[PDB]
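Asks: Contents are PDB, C-alpha atoms and all ligand atoms; file name target-v4.pdb:
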```pdb
ATOM      1  CA  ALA O   3       0.000   0.000   0.000  1.00  0.00           C
ATOM      2  CA  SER O   4       2.099   2.884   1.308  1.00  0.00           C
ATOM      3  CA  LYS O   5       5.528   3.628  -0.153  1.00  0.00           C
ATOM      4  CA  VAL O   6       8.877   4.539   1.383  1.00  0.00           C
ATOM      5  CA  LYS O   7       8.975   8.085   2.787  1.00  0.00           C
ATOM      6  CA  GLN O   8      12.139   9.508   4.360  1.00  0.00           C
ATOM      7  CA  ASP O   9      14.218  12.677   4.249  1.00  0.00           C
ATOM      8  CA  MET O  10      15.510  13.021   0.691  1.00  0.00           C
ATOM      9  CA  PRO O  11      16.562  16.058  -1.336  1.00  0.00           C
ATOM     10  CA  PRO O  12      13.845  17.422  -3.630  1.00  0.00           C
ATOM     11  CA  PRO O  13      13.942  16.296  -7.272  1.00  0.00           C
ATOM     12  CA  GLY O  14      16.568  18.225  -9.181  1.00  0.00           C
ATOM     13  CA  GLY O  15      18.593  18.684  -6.000  1.00  0.00           C
ATOM     14  CA  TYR O  16      19.179  21.927  -4.149  1.00  0.00           C
ATOM     15  CA  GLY O  17      20.323  25.262  -5.507  1.00  0.00           C
ATOM     16  CA  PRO O  18      24.005  26.178  -5.647  1.00  0.00           C
ATOM     17  CA  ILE O  19      25.461  27.334  -2.335  1.00  0.00           C
ATOM     18  CA  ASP O  20      27.821  30.308  -2.265  1.00  0.00           C
ATOM     19  CA  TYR O  21      31.109  29.560  -0.514  1.00  0.00           C
ATOM     20  CA  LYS O  22      33.778  31.763  -2.137  1.00  0.00           C
ATOM     21  CA  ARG O  23      35.233  34.736  -0.293  1.00  0.00           C
ATOM     22  CA  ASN O  24      33.460  38.026  -1.056  1.00  0.00           C
ATOM     23  CA  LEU O  25      35.373  41.122   0.127  1.00  0.00           C
ATOM     24  CA  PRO O  26      34.577  43.829  -2.444  1.00  0.00           C
ATOM     25  CA  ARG O  27      36.749  46.919  -2.773  1.00  0.00           C
ATOM     26  CA  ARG O  28      34.985  50.107  -1.680  1.00  0.00           C
ATOM     27  CA  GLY O  29      37.097  52.065  -4.148  1.00  0.00           C
ATOM     28  CA  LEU O  30      39.166  55.226  -3.825  1.00  0.00           C
ATOM     29  CA  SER O  31      42.740  55.778  -4.979  1.00  0.00           C
ATOM     30  CA  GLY O  32      45.352  57.179  -2.626  1.00  0.00           C
ATOM     31  CA  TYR O  33      45.878  60.212  -4.855  1.00  0.00           C
ATOM     32  CA  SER O  34      42.220  61.211  -4.516  1.00  0.00           C
ATOM     33  CA  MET O  35      42.246  60.857  -0.723  1.00  0.00           C
ATOM     34  CA  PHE O  36      45.477  62.835  -0.358  1.00  0.00           C
ATOM     35  CA  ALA O  37      44.107  65.524  -2.683  1.00  0.00           C
ATOM     36  CA  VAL O  38      40.906  65.792  -0.632  1.00  0.00           C
ATOM     37  CA  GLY O  39      42.930  66.115   2.568  1.00  0.00           C
ATOM     38  CA  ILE O  40      45.220  68.793   1.158  1.00  0.00           C
ATOM     39  CA  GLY O  41      42.259  70.675  -0.308  1.00  0.00           C
ATOM     40  CA  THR O  42      40.344  70.808   2.958  1.00  0.00           C
ATOM     41  CA  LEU O  43      43.554  71.844   4.741  1.00  0.00           C
ATOM     42  CA  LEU O  44      44.014  74.717   2.280  1.00  0.00           C
ATOM     43  CA  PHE O  45      40.385  75.807   2.653  1.00  0.00           C
ATOM     44  CA  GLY O  46      40.768  75.857   6.431  1.00  0.00           C
ATOM     45  CA  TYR O  47      43.998  77.837   6.108  1.00  0.00           C
ATOM     46  CA  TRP O  48      42.332  80.464   3.903  1.00  0.00           C
ATOM     47  CA  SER O  49      39.325  80.836   6.208  1.00  0.00           C
ATOM     48  CA  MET O  50      41.595  81.116   9.252  1.00  0.00           C
ATOM     49  CA  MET O  51      43.717  83.739   7.473  1.00  0.00           C
ATOM     50  CA  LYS O  52      40.703  85.954   6.825  1.00  0.00           C
ATOM     51  CA  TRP O  53      39.187  85.459  10.282  1.00  0.00           C
ATOM     52  CA  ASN O  54      42.439  86.125  12.147  1.00  0.00           C
ATOM     53  CA  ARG O  55      43.152  89.282  10.150  1.00  0.00           C
ATOM     54  CA  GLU O  56      39.670  90.511  11.072  1.00  0.00           C
ATOM     55  CA  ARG O  57      40.405  89.624  14.707  1.00  0.00           C
ATOM     56  CA  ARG O  58      43.641  91.634  14.572  1.00  0.00           C
ATOM     57  CA  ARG O  59      41.714  94.661  13.310  1.00  0.00           C
ATOM     58  CA  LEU O  60      39.088  94.260  16.048  1.00  0.00           C
ATOM     59  CA  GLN O  61      41.777  94.026  18.735  1.00  0.00           C
ATOM     60  CA  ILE O  62      43.406  97.179  17.364  1.00  0.00           C
ATOM     61  CA  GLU O  63      40.037  98.950  17.582  1.00  0.00           C
ATOM     62  CA  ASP O  64      39.617  97.871  21.213  1.00  0.00           C
ATOM     63  CA  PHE O  65      43.151  99.022  22.047  1.00  0.00           C
ATOM     64  CA  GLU O  66      42.365 102.376  20.420  1.00  0.00           C
ATOM     65  CA  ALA O  67      39.297 102.740  22.638  1.00  0.00           C
ATOM     66  CA  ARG O  68      41.407 101.971  25.712  1.00  0.00           C
ATOM     67  CA  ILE O  69      44.040 104.502  24.610  1.00  0.00           C
ATOM     68  CA  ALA O  70      41.349 107.159  24.207  1.00  0.00           C
ATOM     69  CA  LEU O  71      39.978 106.395  27.679  1.00  0.00           C
ATOM     70  CA  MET O  72      43.393 106.294  29.399  1.00  0.00           C
ATOM     71  CA  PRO O  73      44.013 109.981  30.362  1.00  0.00           C
TER
ATOM     72  CA  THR A  37      43.744  19.569  -4.827  1.00  0.00           C
ATOM     73  CA  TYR A  38      45.254  22.242  -2.580  1.00  0.00           C
ATOM     74  CA  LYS A  39      44.893  26.006  -2.270  1.00  0.00           C
ATOM     75  CA  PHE A  40      47.300  28.807  -1.362  1.00  0.00           C
ATOM     76  CA  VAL A  41      45.976  31.203   1.274  1.00  0.00           C
ATOM     77  CA  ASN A  42      48.833  33.705   1.649  1.00  0.00           C
ATOM     78  CA  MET A  43      50.821  33.503  -1.587  1.00  0.00           C
ATOM     79  CA  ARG A  44      50.167  36.971  -3.036  1.00  0.00           C
ATOM     80  CA  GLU A  45      52.781  39.540  -4.061  1.00  0.00           C
ATOM     81  CA  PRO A  46      52.031  43.283  -3.782  1.00  0.00           C
ATOM     82  CA  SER A  47      52.590  45.349  -6.907  1.00  0.00           C
ATOM     83  CA  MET A  48      55.502  47.773  -6.567  1.00  0.00           C
ATOM     84  CA  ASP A  49      54.377  50.466  -9.004  1.00  0.00           C
ATOM     85  CA  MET A  50      53.874  54.021  -7.776  1.00  0.00           C
ATOM     86  CA  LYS A  51      50.066  53.882  -7.674  1.00  0.00           C
ATOM     87  CA  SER A  52      49.898  50.767  -5.478  1.00  0.00           C
ATOM     88  CA  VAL A  53      52.617  52.059  -3.142  1.00  0.00           C
ATOM     89  CA  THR A  54      50.688  55.323  -2.823  1.00  0.00           C
ATOM     90  CA  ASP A  55      47.498  53.364  -2.113  1.00  0.00           C
ATOM     91  CA  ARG A  56      49.211  51.378   0.650  1.00  0.00           C
ATOM     92  CA  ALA A  57      50.684  54.567   2.122  1.00  0.00           C
ATOM     93  CA  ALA A  58      47.242  56.202   2.062  1.00  0.00           C
ATOM     94  CA  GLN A  59      45.813  53.170   3.858  1.00  0.00           C
ATOM     95  CA  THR A  60      48.567  53.459   6.469  1.00  0.00           C
ATOM     96  CA  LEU A  61      48.218  57.220   6.976  1.00  0.00           C
ATOM     97  CA  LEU A  62      44.406  57.450   6.802  1.00  0.00           C
ATOM     98  CA  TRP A  63      43.319  54.129   8.396  1.00  0.00           C
ATOM     99  CA  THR A  64      40.939  53.005   5.658  1.00  0.00           C
ATOM    100  CA  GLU A  65      40.461  49.390   6.781  1.00  0.00           C
ATOM    101  CA  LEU A  66      39.797  50.602  10.325  1.00  0.00           C
ATOM    102  CA  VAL A  67      36.892  52.696   9.042  1.00  0.00           C
ATOM    103  CA  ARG A  68      35.777  49.637   7.063  1.00  0.00           C
ATOM    104  CA  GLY A  69      35.576  47.608  10.273  1.00  0.00           C
ATOM    105  CA  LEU A  70      33.820  50.499  12.003  1.00  0.00           C
ATOM    106  CA  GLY A  71      31.278  50.628   9.186  1.00  0.00           C
ATOM    107  CA  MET A  72      30.578  46.908   9.348  1.00  0.00           C
ATOM    108  CA  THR A  73      30.007  47.132  13.106  1.00  0.00           C
ATOM    109  CA  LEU A  74      27.741  50.146  12.523  1.00  0.00           C
ATOM    110  CA  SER A  75      25.727  48.212   9.939  1.00  0.00           C
ATOM    111  CA  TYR A  76      25.453  45.346  12.415  1.00  0.00           C
ATOM    112  CA  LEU A  77      24.109  47.799  15.009  1.00  0.00           C
ATOM    113  CA  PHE A  78      21.121  48.743  12.815  1.00  0.00           C
ATOM    114  CA  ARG A  79      19.634  45.248  12.430  1.00  0.00           C
ATOM    115  CA  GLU A  80      17.327  43.204  14.627  1.00  0.00           C
ATOM    116  CA  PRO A  81      18.892  41.362  17.584  1.00  0.00           C
ATOM    117  CA  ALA A  82      18.480  37.609  17.924  1.00  0.00           C
ATOM    118  CA  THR A  83      17.458  37.690  21.602  1.00  0.00           C
ATOM    119  CA  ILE A  84      14.268  35.931  22.690  1.00  0.00           C
ATOM    120  CA  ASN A  85      12.240  37.064  25.697  1.00  0.00           C
ATOM    121  CA  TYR A  86      12.769  34.252  28.167  1.00  0.00           C
ATOM    122  CA  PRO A  87      10.879  33.029  30.167  1.00  0.00           C
ATOM    123  CA  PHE A  88       7.945  34.382  28.147  1.00  0.00           C
ATOM    124  CA  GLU A  89       9.554  32.986  24.984  1.00  0.00           C
ATOM    125  CA  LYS A  90      11.231  29.599  24.641  1.00  0.00           C
ATOM    126  CA  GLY A  91      13.832  28.098  22.348  1.00  0.00           C
ATOM    127  CA  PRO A  92      12.716  25.545  19.771  1.00  0.00           C
ATOM    128  CA  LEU A  93      12.800  21.873  20.709  1.00  0.00           C
ATOM    129  CA  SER A  94      11.967  18.525  19.092  1.00  0.00           C
ATOM    130  CA  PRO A  95      10.074  15.362  20.080  1.00  0.00           C
TER
HETATM  131  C1  LIG O 101      51.041  70.985   1.556  1.00  0.00           C
HETATM  132  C2  LIG O 101      51.166  71.331   3.040  1.00  0.00           C
HETATM  133  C3  LIG O 101      50.335  70.406   3.921  1.00  0.00           C
HETATM  134  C4  LIG O 101      50.786  70.435   5.380  1.00  0.00           C
HETATM  135  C5  LIG O 101      51.120  69.041   5.908  1.00  0.00           C
HETATM  136  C6  LIG O 101      49.904  68.116   5.923  1.00  0.00           C
HETATM  137  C7  LIG O 101      50.266  66.652   5.649  1.00  0.00           C
HETATM  138  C8  LIG O 101      49.076  65.717   5.875  1.00  0.00           C
HETATM  139  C9  LIG O 101      49.275  64.329   5.264  1.00  0.00           C
HETATM  140  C10 LIG O 101      49.862  63.324   6.257  1.00  0.00           C
HETATM  141  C11 LIG O 101      49.222  63.432   7.643  1.00  0.00           C
HETATM  142  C12 LIG O 101      48.570  62.126   8.097  1.00  0.00           C
HETATM  143  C13 LIG O 101      48.936  61.785   9.542  1.00  0.00           C
HETATM  144  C14 LIG O 101      47.715  61.415  10.389  1.00  0.00           C
HETATM  145  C15 LIG O 101      48.060  60.402  11.485  1.00  0.00           C
HETATM  146  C16 LIG O 101      48.987  59.293  10.972  1.00  0.00           C
HETATM  147  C17 LIG O 101      49.399  58.312  12.075  1.00  0.00           C
HETATM  148  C18 LIG O 101      49.612  56.898  11.518  1.00  0.00           C
HETATM  149  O1  LIG O 101      49.460  56.694  10.363  1.00  0.00           O
HETATM  150  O2  LIG O 101      49.987  55.851  12.371  1.00  0.00           O
HETATM  151  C19 LIG O 101      49.710  54.579  11.850  1.00  0.00           C
HETATM  152  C20 LIG O 101      49.040  53.720  12.918  1.00  0.00           C
HETATM  153  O3  LIG O 101      47.887  54.373  13.364  1.00  0.00           O
HETATM  154  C21 LIG O 101      46.971  53.513  13.982  1.00  0.00           C
HETATM  155  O4  LIG O 101      46.951  52.364  13.692  1.00  0.00           O
HETATM  156  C22 LIG O 101      45.993  54.049  15.030  1.00  0.00           C
HETATM  157  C23 LIG O 101      44.722  53.201  15.102  1.00  0.00           C
HETATM  158  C24 LIG O 101      44.118  53.150  16.508  1.00  0.00           C
HETATM  159  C25 LIG O 101      42.884  52.246  16.578  1.00  0.00           C
HETATM  160  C26 LIG O 101      41.571  53.036  16.564  1.00  0.00           C
HETATM  161  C27 LIG O 101      41.093  53.377  15.149  1.00  0.00           C
HETATM  162  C28 LIG O 101      40.739  54.859  15.011  1.00  0.00           C
HETATM  163  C29 LIG O 101      39.965  55.173  13.731  1.00  0.00           C
HETATM  164  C30 LIG O 101      38.558  55.675  14.032  1.00  0.00           C
HETATM  165  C31 LIG O 101      38.310  57.094  13.535  1.00  0.00           C
HETATM  166  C32 LIG O 101      39.357  58.081  14.034  1.00  0.00           C
HETATM  167  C33 LIG O 101      38.808  59.497  14.152  1.00  0.00           C
HETATM  168  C34 LIG O 101      39.907  60.548  14.045  1.00  0.00           C
HETATM  169  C35 LIG O 101      39.360  61.971  14.066  1.00  0.00           C
HETATM  170  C36 LIG O 101      38.576  62.278  15.341  1.00  0.00           C
HETATM  171  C37 LIG O 101      38.421  63.780  15.567  1.00  0.00           C
HETATM  172  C38 LIG O 101      37.667  64.100  16.855  1.00  0.00           C
HETATM  173  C39 LIG O 101      51.016  53.923  11.404  1.00  0.00           C
HETATM  174  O5  LIG O 101      51.245  52.783  12.191  1.00  0.00           O
HETATM  175  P1  LIG O 101      51.472  51.332  11.429  1.00  0.00           P
HETATM  176  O6  LIG O 101      50.471  51.193  10.308  1.00  0.00           O
HETATM  177  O7  LIG O 101      51.271  50.211  12.420  1.00  0.00           O
HETATM  178  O8  LIG O 101      53.004  51.254  10.812  1.00  0.00           O
HETATM  179  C40 LIG O 101      54.047  51.883  11.512  1.00  0.00           C
HETATM  180  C41 LIG O 101      55.328  51.067  11.317  1.00  0.00           C
HETATM  181  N1  LIG O 101      55.898  51.319  10.005  1.00  0.00           N
END
```
Translate the structure described by the file into structure tokens.

Replies:
Amino acid sequence: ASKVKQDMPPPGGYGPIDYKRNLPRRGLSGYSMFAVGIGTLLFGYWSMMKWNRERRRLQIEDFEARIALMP
Amino acid sequence: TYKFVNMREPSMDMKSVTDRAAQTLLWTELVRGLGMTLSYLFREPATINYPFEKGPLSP
């Protein structure tokens, strides 16, 4: 009557199983990274130049006010 | 049949040397590990709520 029934793989087998290493490269050359670093350094230098010159002028103005008030 | 696990030779041209130096001086693989841990942070944990939840068993 009944037939044999046990754990067997399905007909046609199972699908392929990935086993190879997969470590993809994110991707950016060293030249590009160094250029980005130097560029942001230069931008910071320029902004600091302008801001510190303005600060020098402001300090000179304050010193002038003190000089006027001194006598 | 046998495989070689650590039998690679780095290329000595200027571009590859610059890439290795950039990795050394900017810590690229360290940020890669940081990013993988960050990605792992944003997924569901595997913790069940014992004793209100139970692990699977068999007959
Ligand atoms: C044109 C004019 C420009 C003016 C000059 C500017 C030049 C700039 C270009 C070069 C500067 C880069 C230097 C920055 C620091 C470099 C230090 C370094 O590279 O040390 C590494 C090592 O550094 C480390 O490994 C430290 C890692 C510590 C583990 C924690 C990882 C930290 C990374 C997470 C993010 C860090 C966040 C930093 C910014 C935070 C700001 C709040 C070298 O060691 P080894 O690879 O083992 O080899 C030495 C033997 N030959």

Asks: Check what the PyMOL selection byres (((not hetatm)) within 6 of (chain O and resi 101)) selects in the file above and give those residues as a VMD selection string.

Replies: chain A and resid 60 to 61 66

Asks: Name every residue that the PyMOL selection byres ((chain A) within 6 of (chain O and not hetatm)) selects in this structure, writing the answer as a ChimeraX atom specification with chains first and numbers rising.

Replies: /A:54-55,58

Asks: Quick one, how far is atom CA of residue O:18 from atom CA of residue A:92?

Replies: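 One can read the atom CA of residue O:18 to atom CA of residue A:92 distance as 27.8 Å.
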
Asks: In Å, rounded to a single decimal, give me how far atom CA of residue A:95 is from atom CA of residue A:83.

Replies: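 Interatomic distance, atom CA of residue A:83 to atom CA of residue A:95: 23.6 Å.
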
Asks: Go ahead and compute the interatomic distance for atom CA of residue O:40 and atom CA of residue O:55, in Å to one decimal.

Replies: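 Computing it gives 22.5 Å between the two atoms.
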